[PDB]
Each structure stands twice: as structure tokens, then as C-alpha cells.
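As stored in protein05.txt (compact mmCIF, C-alpha atoms):
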# COMPACT_ATOMS: atom_id res chain seq x y z
CA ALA T 1 -31.37 -19.59 24.41
CA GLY T 2 -29.00 -17.83 26.78
CA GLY T 3 -25.34 -18.73 26.53
CA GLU T 4 -25.63 -20.05 22.96
CA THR T 5 -23.03 -19.42 20.26
CA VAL T 6 -24.65 -18.57 16.92
CA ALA T 7 -21.64 -17.34 14.95
CA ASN T 8 -18.28 -18.77 13.90
CA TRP T 9 -15.91 -17.20 11.37
CA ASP T 10 -12.33 -17.86 10.22
CA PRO T 11 -11.14 -14.50 8.87
CA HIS T 12 -7.47 -15.47 8.65
CA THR T 13 -7.98 -15.81 4.88
CA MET T 14 -10.38 -13.54 3.01
CA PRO T 15 -13.47 -15.56 1.89
CA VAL T 16 -14.40 -14.06 -1.47
CA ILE T 17 -17.68 -15.81 -2.26
CA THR T 18 -20.30 -16.00 -5.00
CA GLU T 19 -24.05 -16.14 -4.42
CA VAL T 20 -24.58 -17.97 -7.73
CA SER T 21 -22.96 -21.32 -8.59
CA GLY T 22 -21.76 -23.30 -11.61
CA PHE T 23 -18.52 -23.93 -13.44
CA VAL T 24 -15.62 -21.49 -13.21
CA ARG T 25 -14.56 -20.06 -16.57
CA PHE T 26 -11.23 -18.24 -16.74
CA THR T 27 -11.66 -14.94 -18.59
CA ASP T 28 -8.46 -13.06 -19.50
CA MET T 29 -6.50 -15.84 -17.80
CA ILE T 30 -3.42 -17.31 -19.51
CA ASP T 31 -0.99 -19.74 -17.89
CA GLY T 32 2.30 -18.03 -17.06
CA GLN T 33 0.99 -14.52 -17.85
CA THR T 34 -1.88 -14.08 -15.36
CA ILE T 35 -2.53 -17.56 -13.95
CA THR T 36 0.01 -20.31 -13.39
CA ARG T 37 0.29 -23.95 -12.34
CA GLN T 38 1.03 -23.36 -8.65
CA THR T 39 1.00 -27.02 -7.67
CA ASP T 40 0.86 -27.42 -3.90
CA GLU T 41 4.32 -28.22 -2.55
CA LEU T 42 2.98 -31.04 -0.33
CA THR T 43 -0.27 -32.47 -1.73
CA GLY T 44 -0.69 -30.95 -5.20
CA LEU T 45 -4.48 -30.52 -4.99
CA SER T 46 -4.97 -27.03 -6.44
CA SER T 47 -5.87 -25.23 -9.66
CA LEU T 48 -4.64 -22.50 -12.01
CA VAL T 49 -3.60 -20.04 -9.31
CA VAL T 50 -3.69 -16.32 -10.09
CA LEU T 51 -0.40 -14.59 -9.36
CA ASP T 52 0.05 -11.20 -7.73
CA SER T 53 0.02 -8.02 -9.81
CA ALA T 54 3.76 -7.55 -9.28
CA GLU T 55 4.57 -11.28 -9.16
CA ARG T 56 3.09 -12.05 -12.58
CA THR T 57 4.34 -10.72 -15.90
CA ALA T 58 3.88 -7.03 -16.69
CA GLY T 59 1.88 -7.93 -19.79
CA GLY T 60 -0.33 -10.11 -17.63
CA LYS T 61 -0.24 -7.40 -14.96
CA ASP T 62 -1.99 -5.08 -17.41
CA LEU T 63 -4.53 -7.82 -18.17
CA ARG T 64 -7.27 -8.34 -15.59
CA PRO T 65 -7.73 -12.06 -14.79
CA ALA T 66 -11.31 -12.95 -13.85
CA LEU T 67 -13.06 -16.09 -12.59
CA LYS T 68 -16.49 -15.86 -14.19
CA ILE T 69 -19.14 -18.13 -12.67
CA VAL T 70 -21.27 -19.96 -15.25
CA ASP T 71 -23.90 -22.68 -14.95
CA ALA T 72 -23.35 -26.41 -15.45
CA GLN T 73 -24.07 -25.94 -19.18
CA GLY T 74 -21.34 -23.33 -19.69
CA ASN T 75 -23.78 -20.42 -20.08
CA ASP T 76 -22.65 -17.34 -18.17
CA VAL T 77 -24.70 -16.72 -15.03
CA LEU T 78 -25.88 -13.11 -15.00
CA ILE T 79 -25.75 -11.40 -11.61
CA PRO T 80 -29.34 -11.06 -10.32
CA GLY T 81 -30.89 -7.71 -11.18
CA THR T 82 -28.13 -6.86 -13.68
CA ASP T 83 -27.14 -7.84 -17.20
CA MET T 84 -23.48 -8.26 -16.26
CA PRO T 85 -22.52 -11.91 -15.58
CA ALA T 86 -20.95 -13.20 -12.36
CA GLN T 87 -17.64 -11.46 -12.99
CA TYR T 88 -14.90 -11.58 -10.33
CA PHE T 89 -11.55 -9.89 -11.00
CA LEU T 90 -9.32 -11.59 -8.45
CA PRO T 91 -6.71 -9.45 -6.67
CA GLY T 92 -3.13 -10.60 -6.23
CA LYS T 93 -2.08 -13.71 -4.30
CA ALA T 94 -5.37 -15.30 -5.39
CA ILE T 95 -5.14 -19.04 -4.72
CA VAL T 96 -7.57 -20.76 -7.11
CA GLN T 97 -8.79 -24.15 -5.87
CA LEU T 98 -11.40 -24.76 -8.59
CA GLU T 99 -10.18 -25.96 -11.98
CA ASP T 100 -11.74 -24.93 -15.28
CA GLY T 101 -15.28 -26.27 -15.62
CA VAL T 102 -15.68 -27.37 -11.99
CA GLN T 103 -19.12 -27.13 -10.41
CA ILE T 104 -19.34 -25.02 -7.25
CA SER T 105 -21.84 -24.23 -4.51
CA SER T 106 -23.24 -20.92 -3.30
CA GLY T 107 -20.68 -19.03 -1.23
CA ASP T 108 -17.47 -20.59 -2.54
CA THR T 109 -13.95 -19.24 -2.02
CA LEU T 110 -12.63 -18.55 -5.52
CA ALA T 111 -9.49 -16.94 -4.08
CA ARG T 112 -7.70 -17.86 -0.84
CA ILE T 113 -5.45 -14.87 -0.17
CA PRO T 114 -4.75 -14.65 3.59
CA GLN T 115 -6.07 -11.66 5.53
CA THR T 116 -2.10 5.25 22.64
CA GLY T 117 -4.42 6.33 25.44
CA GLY T 118 -3.81 8.61 28.37
CA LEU T 119 -3.20 12.33 28.09
CA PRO T 120 -1.36 12.38 24.71
CA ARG T 121 -4.42 10.72 23.17
CA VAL T 122 -6.68 13.48 24.53
CA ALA T 123 -4.29 16.15 23.26
CA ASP T 124 -4.25 14.51 19.82
CA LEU T 125 -8.06 14.32 19.78
CA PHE T 126 -8.43 17.99 20.73
CA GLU T 127 -5.79 19.10 18.21
CA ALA T 128 -7.62 17.29 15.36
CA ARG T 129 -4.57 15.49 13.98
CA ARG T 130 -4.78 13.01 11.12
CA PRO T 131 -3.47 9.52 11.99
CA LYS T 132 -1.25 7.08 10.10
CA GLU T 133 -2.93 4.75 7.61
CA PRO T 134 -6.14 6.82 7.46
CA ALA T 135 -9.34 5.04 6.51
CA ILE T 136 -10.41 5.73 2.92
CA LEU T 137 -14.03 6.84 2.55
CA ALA T 138 -16.40 7.14 -0.40
CA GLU T 139 -16.86 10.79 -1.34
CA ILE T 140 -20.17 10.38 -3.21
CA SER T 141 -22.60 7.51 -3.77
CA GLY T 142 -21.84 5.52 -6.91
CA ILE T 143 -20.73 2.18 -8.34
CA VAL T 144 -17.05 1.42 -7.76
CA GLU F 1 30.82 42.47 25.21
CA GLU F 2 28.65 40.95 22.48
CA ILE F 3 28.22 37.22 21.86
CA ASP F 4 26.34 35.30 19.18
CA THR F 5 22.84 34.01 19.90
CA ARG F 6 21.23 31.52 17.52
CA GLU F 7 19.36 29.09 19.79
CA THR F 8 15.73 28.50 18.85
CA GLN F 9 13.07 30.03 21.09
CA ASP F 10 9.92 28.11 21.97
CA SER F 11 6.60 29.83 21.25
CA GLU F 12 2.90 29.03 21.55
CA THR F 13 2.71 27.28 18.16
CA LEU F 14 4.02 24.04 19.73
CA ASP F 15 0.88 21.90 19.74
CA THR F 16 -0.47 20.28 22.90
CA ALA F 17 0.23 16.77 21.61
CA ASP F 18 3.87 17.66 20.90
CA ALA F 19 4.27 18.86 24.50
CA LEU F 20 3.35 15.40 25.81
CA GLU F 21 5.39 13.74 23.05
CA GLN F 22 8.62 15.38 24.22
CA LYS F 23 10.64 13.62 26.92
CA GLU F 24 12.36 16.85 27.99
CA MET F 25 11.03 19.29 30.59
CA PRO F 26 9.91 22.81 29.65
CA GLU F 27 12.23 25.75 30.29
CA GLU F 28 9.44 27.77 31.91
CA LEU F 29 6.12 26.40 33.10
CA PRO F 30 3.23 27.64 30.92
CA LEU F 31 0.95 27.32 33.94
CA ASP F 32 0.95 30.35 36.25
CA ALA F 33 2.63 28.49 39.10
CA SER F 34 6.04 27.85 40.62
CA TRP F 35 8.14 24.66 40.69
CA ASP F 36 6.42 23.37 43.85
CA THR F 37 2.70 23.38 42.96
How does the structure come out when it is put into C-alpha cells?
Amino acid sequence: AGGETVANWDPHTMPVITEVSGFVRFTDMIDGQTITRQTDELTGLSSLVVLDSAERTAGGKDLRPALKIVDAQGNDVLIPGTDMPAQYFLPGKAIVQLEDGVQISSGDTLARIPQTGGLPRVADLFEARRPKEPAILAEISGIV
Amino acid sequence: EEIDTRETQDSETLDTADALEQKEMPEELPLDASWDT
């Protein structure tokens, strides 16, 4: 109906999600090297949190920590249409809320990392001048 | 008498955006008009 809200998002923290569900198995994840016991400073309800690339050890920086999604039986859940399992290489500042072997639901946040005008604008547009922080574009179709 | 001259001389290469960027006023108006129109 008219005047009806049908959308609500909270993009203050990036919601990396998984279509499939199951336990979370930590591949290439070692406490202190890639993951660590980042106990919450107030409540303590958290899990083996992945550190940043620079924040963690250089040896662990080279390693790629991943939160693979498996079923309730521990068998790796293959991504639909592909042989590769549900592999997720978390970027830095990845707050892990799910411990090892914790059942999840579809669309779960494995990581909780947050996040002119006038005449000079017309002159810039007609002079074809590249801006600051240009958007990066894919040069040719292919898997990243 | 002869005196040294080394001041830079403005040319056409100054882009249109840079003209609006500058706070200063041009030495001679590019537009074919006087200082009253």
C-alpha cells in the first residue's frame, strides 16, 4: 500500500553473510597468529576474533584466515553450483561472534567490521579531470 | 637602462578549473571587454 516502509538496513557495520548454514570451522586460523581471544571488555560474549592484517603477526599476516561454513555433522558445505566449499577469507578487523562448531542460520554475520558544485564543478567536468579516490572498475569479466 | 625580468607569464595552458580555483584576479581579462562590462 501507499506510504508503507518495506526496507530497513543498518549499514554501520558490514554484514558479511552466508547463504548456507552449519558450524563454523576455522581454516588457517591459529590463536595469536591470525585469530586471538578478543574477549569483550564489558560482557565477554565473543569468539576467536580475527585480527587485522597489520595488527596480527607477520607470519599470520601471510596466512589467510578463513571461516569455512560446514553442516551440523562437520562435513564442509560446498557452495551451490561449485565444488569449492563455503570458504570466507575474512578481511582485517573481523570480529568473530561464532565459536568453533557453532550452528548458524542463513545470512549470518561472520565478521563485524564497522563500515563542489557551481561553476568550478562545470569547469572540472568539461576539462575531464580525474578526481581523488577514484572508483576502481573491473577491466574484463572474470572471477576475482 | 636594462633591468632583470624573471616573472612568470600566464598563457592559455592554464585550465578553466584552475582559473576558478585561484582567489586572485586576472591581470588582463580574457574576455574581449573592459573593466565595466
Discussion item. I need every residue sitting at most 12 Å from the point (-2.4, -21.9, -14.7) (coordinates as in the file, all atoms listed in the file considered), written as a list in words.
Written reply: residues 26, 28, 29, 30, 31, 32, 33, 34, 35, 36, 37, 38, 39, 46, 47, 48, 49, 50, 51, 56, 65, 94, 95, 96, 97, 98, 99 and 100 of chain T
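With only C-alpha atoms as the atoms that count, the residue of T:42, T:72, T:67, T:104 with the shortest distance to residue T:19 is T:104.
Between atom CA of residue T:2 and atom CA of residue T:107 there is a distance of 29.2 Å.
Note that atom CA of residue F:8 and atom CA of residue F:21 are 18.5 Å apart.
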Residues of chain F that approach stretch 124-128 of chain T to 12 Å or less, counting only C-alpha atoms: could you list each one with the shortest pair of atoms and its distance in Å to one decimal, rows by chain and increasing residue number, as a tab-separated table?
residue	atom	partner	partner_atom	distance
F:13	CA	T:127	CA	11.8
F:14	CA	T:127	CA	11.1
F:15	CA	T:127	CA	7.4
F:16	CA	T:127	CA	7.2
F:17	CA	T:124	CA	5.3
F:18	CA	T:124	CA	8.8
F:19	CA	T:124	CA	10.6
F:20	CA	T:124	CA	9.7
F:21	CA	T:124	CA	10.2
Convert the current residue selection to file output with C-alpha atoms, as a PDB file, in the coordinates of the input.
ATOM      1  CA  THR F  13       2.710  27.280  18.160  1.00  0.00           C
ATOM      2  CA  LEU F  14       4.020  24.040  19.730  1.00  0.00           C
ATOM      3  CA  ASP F  15       0.880  21.900  19.740  1.00  0.00           C
ATOM      4  CA  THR F  16      -0.470  20.280  22.900  1.00  0.00           C
ATOM      5  CA  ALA F  17       0.230  16.770  21.610  1.00  0.00           C
ATOM      6  CA  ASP F  18       3.870  17.660  20.900  1.00  0.00           C
ATOM      7  CA  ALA F  19       4.270  18.860  24.500  1.00  0.00           C
ATOM      8  CA  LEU F  20       3.350  15.400  25.810  1.00  0.00           C
ATOM      9  CA  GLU F  21       5.390  13.740  23.050  1.00  0.00           C
TER      10      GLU F  21
END
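Taking all atoms listed in the file, the non-local environment of residue T:24 within 7 Å (same-chain residues fewer than 4 positions away omitted) comprises residues 67, 68, 69, 70, 100, 101 and 102 of chain T.
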Fill in: From T:20, T:1, T:7, T:135, residue lying nearest residue T:77 [all atoms listed in the file]
T:20
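Considering the residues T:6, T:90, T:66, T:137 and counting only C-alpha atoms, residue T:111 has its shortest atom-to-atom contact with T:90.
For the atom pair formed by atom CA of residue F:35 and atom CA of residue F:5, the distance is 27.1 Å, given to one decimal.
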Worksheet item: Which polymer residues have any atom within 12 Å of an atom of residue F:28, counting only C-alpha atoms, with same-chain residues fewer than 6 positions away left out, as a count of residues only?
Response: 5
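Counting all atoms listed in the file and comparing T:23, T:118, T:113, T:60, the residue that lies closest to chain F is T:118.
Considering all atoms listed in the file, the residue among T:12, T:112, T:121, T:130 positioned nearest to chain F is T:121.
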